[PDB]
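Student: Handing over model03.tsv, TSV, C-alpha atoms.
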```tsv
chain	number	residue	atom	x	y	z
N	1	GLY	CA	-103.27	-98.27	-36.93
N	2	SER	CA	-102.80	-97.84	-40.66
N	3	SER	CA	-105.17	-99.31	-43.22
N	4	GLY	CA	-105.07	-103.08	-43.51
N	5	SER	CA	-106.11	-103.37	-47.14
N	6	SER	CA	-105.87	-106.62	-49.06
N	7	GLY	CA	-103.51	-105.78	-51.90
N	8	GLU	CA	-100.75	-103.20	-51.76
N	9	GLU	CA	-97.55	-103.56	-53.74
N	10	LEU	CA	-95.24	-105.07	-51.15
N	11	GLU	CA	-97.67	-107.91	-50.55
N	12	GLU	CA	-97.67	-108.66	-54.26
N	13	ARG	CA	-93.90	-108.98	-54.24
N	14	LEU	CA	-93.85	-110.75	-50.90
N	15	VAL	CA	-95.97	-113.49	-52.44
N	16	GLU	CA	-93.99	-113.38	-55.66
N	17	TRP	CA	-91.15	-114.42	-53.39
N	18	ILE	CA	-92.97	-117.07	-51.39
N	19	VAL	CA	-93.84	-118.35	-54.84
N	20	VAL	CA	-90.27	-118.84	-56.01
N	21	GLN	CA	-89.31	-119.94	-52.52
N	22	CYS	CA	-92.06	-122.44	-51.80
N	23	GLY	CA	-92.77	-122.95	-55.48
N	24	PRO	CA	-95.83	-123.57	-57.67
N	25	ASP	CA	-97.20	-125.95	-55.06
N	26	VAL	CA	-98.41	-123.79	-52.19
N	27	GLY	CA	-100.27	-121.71	-54.76
N	28	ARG	CA	-101.32	-118.13	-54.14
N	29	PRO	CA	-103.78	-116.10	-52.06
N	30	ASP	CA	-107.36	-116.38	-53.26
N	31	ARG	CA	-108.99	-113.12	-54.26
N	32	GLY	CA	-111.67	-111.47	-52.16
N	33	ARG	CA	-111.51	-111.23	-48.38
N	34	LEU	CA	-108.18	-111.53	-46.62
N	35	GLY	CA	-106.76	-114.20	-48.90
N	36	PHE	CA	-103.22	-113.15	-48.04
N	37	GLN	CA	-103.40	-113.16	-44.26
N	38	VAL	CA	-105.02	-116.57	-44.55
N	39	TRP	CA	-102.33	-117.60	-47.01
N	40	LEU	CA	-99.76	-116.87	-44.33
N	41	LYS	CA	-101.99	-118.10	-41.54
N	42	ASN	CA	-101.46	-121.85	-41.36
N	43	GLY	CA	-97.73	-121.25	-41.14
N	44	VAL	CA	-96.74	-124.32	-43.11
N	45	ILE	CA	-95.95	-122.00	-45.99
N	46	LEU	CA	-94.14	-119.68	-43.60
N	47	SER	CA	-92.17	-122.52	-42.06
N	48	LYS	CA	-91.41	-123.64	-45.59
N	49	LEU	CA	-90.06	-120.20	-46.42
N	50	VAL	CA	-87.59	-119.90	-43.56
N	51	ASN	CA	-86.64	-123.49	-44.28
N	52	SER	CA	-86.23	-122.73	-47.96
N	53	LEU	CA	-83.44	-120.44	-46.81
N	54	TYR	CA	-81.79	-122.42	-44.04
N	55	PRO	CA	-79.43	-125.17	-45.21
N	56	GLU	CA	-80.11	-128.89	-45.16
N	57	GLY	CA	-77.78	-129.40	-42.22
N	58	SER	CA	-79.90	-127.08	-40.12
N	59	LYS	CA	-83.64	-127.20	-40.66
N	60	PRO	CA	-84.88	-125.06	-37.76
N	61	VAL	CA	-88.58	-125.73	-38.21
N	62	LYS	CA	-90.22	-129.06	-38.92
N	63	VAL	CA	-92.76	-129.21	-41.72
N	64	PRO	CA	-94.88	-132.38	-41.70
N	65	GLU	CA	-96.30	-134.12	-44.74
N	66	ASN	CA	-99.87	-132.92	-44.31
N	67	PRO	CA	-100.80	-129.49	-42.94
N	68	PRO	CA	-102.48	-129.25	-39.53
N	69	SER	CA	-105.81	-127.63	-38.74
N	70	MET	CA	-106.11	-127.22	-34.99
N	71	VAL	CA	-105.47	-123.78	-33.56
N	72	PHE	CA	-102.74	-124.63	-31.07
N	73	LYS	CA	-101.01	-126.39	-33.93
N	74	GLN	CA	-101.42	-123.72	-36.58
N	75	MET	CA	-100.52	-121.10	-34.00
N	76	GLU	CA	-97.43	-123.04	-33.00
N	77	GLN	CA	-96.50	-123.82	-36.59
N	78	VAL	CA	-96.08	-120.08	-37.02
N	79	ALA	CA	-94.27	-119.56	-33.74
N	80	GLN	CA	-91.76	-122.09	-35.02
N	81	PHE	CA	-91.13	-119.81	-37.97
N	82	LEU	CA	-91.39	-116.58	-36.00
N	83	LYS	CA	-88.71	-117.69	-33.57
N	84	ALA	CA	-86.77	-119.07	-36.52
N	85	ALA	CA	-87.09	-115.71	-38.23
N	86	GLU	CA	-85.46	-113.90	-35.32
N	87	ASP	CA	-82.53	-116.29	-35.53
N	88	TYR	CA	-81.98	-115.21	-39.12
N	89	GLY	CA	-81.31	-111.77	-37.68
N	90	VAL	CA	-84.77	-110.23	-37.59
N	91	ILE	CA	-85.33	-107.88	-34.68
N	92	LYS	CA	-88.16	-107.64	-32.18
N	93	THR	CA	-89.37	-104.40	-33.71
N	94	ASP	CA	-90.20	-106.03	-37.02
N	95	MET	CA	-91.70	-109.17	-35.54
N	96	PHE	CA	-95.44	-109.48	-35.09
N	97	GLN	CA	-97.71	-111.62	-32.95
N	98	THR	CA	-98.98	-114.99	-34.11
N	99	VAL	CA	-102.41	-113.45	-33.73
N	100	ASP	CA	-101.50	-110.35	-35.71
N	101	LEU	CA	-101.20	-112.90	-38.49
N	102	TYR	CA	-103.46	-115.76	-37.46
N	103	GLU	CA	-106.28	-113.38	-36.62
N	104	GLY	CA	-104.87	-110.73	-38.92
N	105	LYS	CA	-104.92	-108.64	-35.77
N	106	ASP	CA	-102.30	-106.54	-37.54
N	107	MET	CA	-101.31	-106.91	-41.17
N	108	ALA	CA	-99.01	-103.90	-41.17
N	109	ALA	CA	-96.82	-105.97	-38.88
N	110	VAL	CA	-97.10	-109.21	-40.80
N	111	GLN	CA	-95.20	-107.20	-43.38
N	112	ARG	CA	-92.63	-105.59	-41.10
N	113	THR	CA	-91.63	-109.16	-40.34
N	114	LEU	CA	-91.22	-110.53	-43.84
N	115	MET	CA	-89.84	-107.16	-44.87
N	116	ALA	CA	-86.96	-107.99	-42.57
N	117	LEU	CA	-86.58	-111.62	-43.54
N	118	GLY	CA	-86.38	-110.97	-47.26
N	119	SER	CA	-84.16	-107.94	-46.84
N	120	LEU	CA	-82.04	-109.96	-44.44
N	121	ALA	CA	-81.74	-112.60	-47.14
N	122	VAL	CA	-81.18	-109.92	-49.75
N	123	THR	CA	-78.29	-108.70	-47.64
N	124	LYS	CA	-76.73	-112.13	-47.28
N	125	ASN	CA	-77.65	-113.91	-50.49
N	126	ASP	CA	-75.41	-116.95	-50.73
N	127	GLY	CA	-77.72	-119.55	-52.23
N	128	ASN	CA	-81.09	-119.29	-50.54
N	129	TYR	CA	-83.22	-116.76	-52.39
N	130	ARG	CA	-84.79	-118.33	-55.45
N	131	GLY	CA	-85.76	-114.96	-56.86
N	132	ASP	CA	-83.99	-111.61	-56.94
N	133	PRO	CA	-82.35	-109.34	-54.35
N	134	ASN	CA	-83.87	-106.33	-56.08
N	135	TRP	CA	-87.29	-107.36	-54.83
N	136	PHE	CA	-87.43	-106.00	-51.31
N	137	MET	CA	-84.60	-103.49	-51.50
N	138	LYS	CA	-85.85	-99.99	-52.24
N	139	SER	CA	-84.96	-97.39	-49.63
N	140	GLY	CA	-84.02	-97.90	-46.00
N	141	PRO	CA	-81.21	-98.78	-43.58
N	142	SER	CA	-78.21	-100.78	-44.72
N	143	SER	CA	-76.82	-103.47	-42.44
N	144	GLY	CA	-76.96	-103.21	-38.67
```
Represent the structure of the file as structure tokens.

Tutor:
Amino acid sequence: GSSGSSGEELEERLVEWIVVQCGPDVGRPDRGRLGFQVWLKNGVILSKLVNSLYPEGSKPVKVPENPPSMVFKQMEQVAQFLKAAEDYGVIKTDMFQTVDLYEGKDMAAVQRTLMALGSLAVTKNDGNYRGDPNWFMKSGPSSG
């Protein structure tokens, strides 16, 4: 199901976003091997993203001080964001499986998800995106 290469353009941007969102703290994906999938594996960064958007009087997910390690935890950490993502407006056709990400079972999906989030934010944009709306937008459906 499609080639799951470690690069592409979208990815680049995706990160470029998670960079402005999270900030120069989470860092970036290390070269070689997955790097990216692993970057968005723990979930902490993911949970931080969604949060970055959500207001202060909301905070859907709960990001602890130190990042976990255990599977159940890591796996859940993501779920917290995944479910949170949907809330934003994301559909169930753009959402992937914790594994698809955790075990990079499917990277093409990992994108479909974010692709929605960002875009969703790009559509709204009211003080959440710490980048540019002309990042994800390119050619597709408008509102719905």

Student: Per residue of range 50-75 of chain N within 12 Å of range 128-141 of chain N, record the nearest atom pair and its distance in Å to one decimal, counting all atoms listed in the file, with rows in chain order and ascending residue number, as a tab-separated table.

Tutor:
```
residue	atom	partner	partner_atom	distance
N:50	CA	N:128	CA	9.6
N:51	CA	N:128	CA	9.4
N:52	CA	N:128	CA	6.7
N:53	CA	N:128	CA	4.6
N:54	CA	N:128	CA	7.2
N:55	CA	N:128	CA	8.1
N:56	CA	N:128	CA	11.0
```

Student: Could you give me, as a Markdown table, a per-residue list for range 67-103 of chain N showing, wherever an atom lies at most 12 Å from an atom of range 26-35 of chain N, the closest pair of atoms and their distance in Å to one decimal, using only C-alpha atoms and sorting by chain then residue number from low to high?

Tutor:
```
| residue | atom | partner | partner_atom | distance |
| --- | --- | --- | --- | --- |
| N:67 | CA | N:26 | CA | 11.1 |
| N:101 | CA | N:34 | CA | 10.8 |
| N:102 | CA | N:34 | CA | 11.1 |
| N:103 | CA | N:34 | CA | 10.3 |
```

Student: Considering all atoms listed in the file, can you say which of N:69, N:47, N:58, N:6 comes closest to residue 83 in chain N?

Tutor: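 The closest residue to residue 83 in chain N is N:47.
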
Student: To one decimal in Å, tell me the separation between CA of residue 45 in chain N and CA of residue 1 in chain N.

Tutor: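 Distance between the two atoms: 26.4 Å.
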
Student: Please report the interatomic distance between CA of residue 16 in chain N and CA of residue 76 in chain N in Å with one decimal.

Tutor: 24.9 Å

Student: With only C-alpha atoms as the atoms that count, which of N:96, N:36, N:81, N:88 lies nearest to residue 8 in chain N?

Tutor: N:36

Student: What is the CA of residue 94 in chain N-CA of residue 49 in chain N distance in Å, reported with one decimal?

Tutor: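 Between CA of residue 94 in chain N and CA of residue 49 in chain N the gap works out to 17.0 Å.
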
Student: Have a look at N:37, N:21, N:66, N:5 and name the one nearest to residue 104 in chain N; count all atoms listed in the file.

Tutor: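 With all atoms listed in the file as the atom set, the closest residue is N:37.
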
Student: Using all atoms listed in the file for the distances, tell me which of N:143, N:93, N:2, N:80 is nearest to residue 112 in chain N.

Tutor: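 Among the listed residues, the smallest separation from residue 112 in chain N belongs to N:93.
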
Student: From the set N:70, N:19, N:84, N:44, which residue has the shortest atom-to-atom contact distance to residue 113 in chain N, counting only C-alpha atoms?

Tutor: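 Using only C-alpha atoms, the shortest distance to residue 113 in chain N belongs to N:84.
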
Student: Smallest atom-to-atom distance to residue 12 in chain N: which of N:111, N:86, N:46, N:78, using all atoms listed in the file?

Tutor: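 Among the listed residues, N:111 lies closest to residue 12 in chain N.
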
Student: At a cut-off of 9 Å, using all atoms listed in the file, what residues contact residue 100 in chain N? Leave out same-chain residues fewer than 5 positions from it and give the result as a ChimeraX atom specification.

Tutor: /N:105-110

Student: Tell me, as a PyMOL selection string, which residues lie within 7 Å of residue 74 in chain N, counting only C-alpha atoms; anything in the same chain fewer than 5 positions away does not count.

Tutor: chain N and resi 42-43+68-69

Student: How big is the axis-aligned box around the listed atoms of range 80-87 of chain N once 3 Å is added on each side, and where is its centre? Give both in Å to one decimal, as JSON.

Tutor:
```
{"center_x": -87.1, "center_y": -118.0, "center_z": -35.9, "size_x": 15.2, "size_y": 14.2, "size_z": 10.7}
```

Student: For N, CA and C atoms, please extract range 116-138 of chain N from the block and return it as a PDB file, in the first residue's frame.

Tutor:
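New file out12.pdb:
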```pdb
ATOM      1  N   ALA N 116      -5.117  16.292   7.945  1.00  0.00           N
ATOM      2  CA  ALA N 116      -6.432  16.794   8.304  1.00  0.00           C
ATOM      3  C   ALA N 116      -6.287  17.855   9.396  1.00  0.00           C
ATOM      4  N   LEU N 117      -5.605  17.471  10.464  1.00  0.00           N
ATOM      5  CA  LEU N 117      -5.388  18.376  11.580  1.00  0.00           C
ATOM      6  C   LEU N 117      -4.973  19.748  11.046  1.00  0.00           C
ATOM      7  N   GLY N 118      -3.745  19.808  10.551  1.00  0.00           N
ATOM      8  CA  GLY N 118      -3.217  21.047  10.008  1.00  0.00           C
ATOM      9  C   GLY N 118      -4.279  21.785   9.191  1.00  0.00           C
ATOM     10  N   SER N 119      -4.685  21.152   8.099  1.00  0.00           N
ATOM     11  CA  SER N 119      -5.691  21.735   7.227  1.00  0.00           C
ATOM     12  C   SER N 119      -6.856  22.273   8.059  1.00  0.00           C
ATOM     13  N   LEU N 120      -7.326  21.437   8.973  1.00  0.00           N
ATOM     14  CA  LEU N 120      -8.433  21.815   9.836  1.00  0.00           C
ATOM     15  C   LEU N 120      -8.095  23.129  10.544  1.00  0.00           C
ATOM     16  N   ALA N 121      -6.859  23.210  11.013  1.00  0.00           N
ATOM     17  CA  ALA N 121      -6.399  24.400  11.708  1.00  0.00           C
ATOM     18  C   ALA N 121      -6.252  25.546  10.706  1.00  0.00           C
ATOM     19  N   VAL N 122      -5.791  25.194   9.516  1.00  0.00           N
ATOM     20  CA  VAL N 122      -5.601  26.179   8.465  1.00  0.00           C
ATOM     21  C   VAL N 122      -6.951  26.799   8.101  1.00  0.00           C
ATOM     22  N   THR N 123      -7.987  25.977   8.196  1.00  0.00           N
ATOM     23  CA  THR N 123      -9.332  26.430   7.880  1.00  0.00           C
ATOM     24  C   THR N 123      -9.831  27.401   8.952  1.00  0.00           C
ATOM     25  N   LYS N 124      -9.637  27.005  10.201  1.00  0.00           N
ATOM     26  CA  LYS N 124     -10.061  27.828  11.321  1.00  0.00           C
ATOM     27  C   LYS N 124      -9.118  29.025  11.457  1.00  0.00           C
ATOM     28  N   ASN N 125      -7.946  28.756  12.014  1.00  0.00           N
ATOM     29  CA  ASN N 125      -6.951  29.797  12.205  1.00  0.00           C
ATOM     30  C   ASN N 125      -7.578  30.959  12.978  1.00  0.00           C
ATOM     31  N   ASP N 126      -7.328  30.968  14.279  1.00  0.00           N
ATOM     32  CA  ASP N 126      -7.859  32.014  15.136  1.00  0.00           C
ATOM     33  C   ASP N 126      -6.947  32.181  16.354  1.00  0.00           C
ATOM     34  N   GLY N 127      -5.679  31.855  16.153  1.00  0.00           N
ATOM     35  CA  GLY N 127      -4.699  31.964  17.220  1.00  0.00           C
ATOM     36  C   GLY N 127      -4.348  30.586  17.784  1.00  0.00           C
ATOM     37  N   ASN N 128      -3.777  29.757  16.924  1.00  0.00           N
ATOM     38  CA  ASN N 128      -3.389  28.414  17.323  1.00  0.00           C
ATOM     39  C   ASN N 128      -2.144  27.994  16.540  1.00  0.00           C
ATOM     40  N   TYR N 129      -2.206  28.202  15.233  1.00  0.00           N
ATOM     41  CA  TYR N 129      -1.095  27.852  14.365  1.00  0.00           C
ATOM     42  C   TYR N 129       0.038  28.873  14.484  1.00  0.00           C
ATOM     43  N   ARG N 130       1.192  28.380  14.910  1.00  0.00           N
ATOM     44  CA  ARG N 130       2.356  29.235  15.072  1.00  0.00           C
ATOM     45  C   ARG N 130       3.260  29.139  13.841  1.00  0.00           C
ATOM     46  N   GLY N 131       2.621  29.089  12.681  1.00  0.00           N
ATOM     47  CA  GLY N 131       3.353  28.997  11.428  1.00  0.00           C
ATOM     48  C   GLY N 131       2.650  29.790  10.324  1.00  0.00           C
ATOM     49  N   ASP N 132       2.170  29.059   9.328  1.00  0.00           N
ATOM     50  CA  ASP N 132       1.479  29.678   8.210  1.00  0.00           C
ATOM     51  C   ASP N 132       0.393  28.729   7.698  1.00  0.00           C
ATOM     52  N   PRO N 133      -0.728  29.338   7.230  1.00  0.00           N
ATOM     53  CA  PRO N 133      -1.841  28.560   6.713  1.00  0.00           C
ATOM     54  C   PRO N 133      -1.523  28.003   5.324  1.00  0.00           C
ATOM     55  N   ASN N 134      -0.577  28.654   4.663  1.00  0.00           N
ATOM     56  CA  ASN N 134      -0.171  28.236   3.333  1.00  0.00           C
ATOM     57  C   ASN N 134       0.947  27.197   3.448  1.00  0.00           C
ATOM     58  N   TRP N 135       0.741  26.251   4.351  1.00  0.00           N
ATOM     59  CA  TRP N 135       1.719  25.199   4.570  1.00  0.00           C
ATOM     60  C   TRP N 135       1.125  23.886   4.054  1.00  0.00           C
ATOM     61  N   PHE N 136      -0.063  23.575   4.552  1.00  0.00           N
ATOM     62  CA  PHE N 136      -0.746  22.358   4.151  1.00  0.00           C
ATOM     63  C   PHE N 136      -1.555  22.578   2.871  1.00  0.00           C
ATOM     64  N   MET N 137      -2.334  23.649   2.879  1.00  0.00           N
ATOM     65  CA  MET N 137      -3.159  23.983   1.731  1.00  0.00           C
ATOM     66  C   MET N 137      -2.373  23.826   0.427  1.00  0.00           C
ATOM     67  N   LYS N 138      -3.045  23.267  -0.568  1.00  0.00           N
ATOM     68  CA  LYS N 138      -2.424  23.055  -1.865  1.00  0.00           C
ATOM     69  C   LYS N 138      -3.513  22.824  -2.915  1.00  0.00           C
TER      70      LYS N 138
END
```
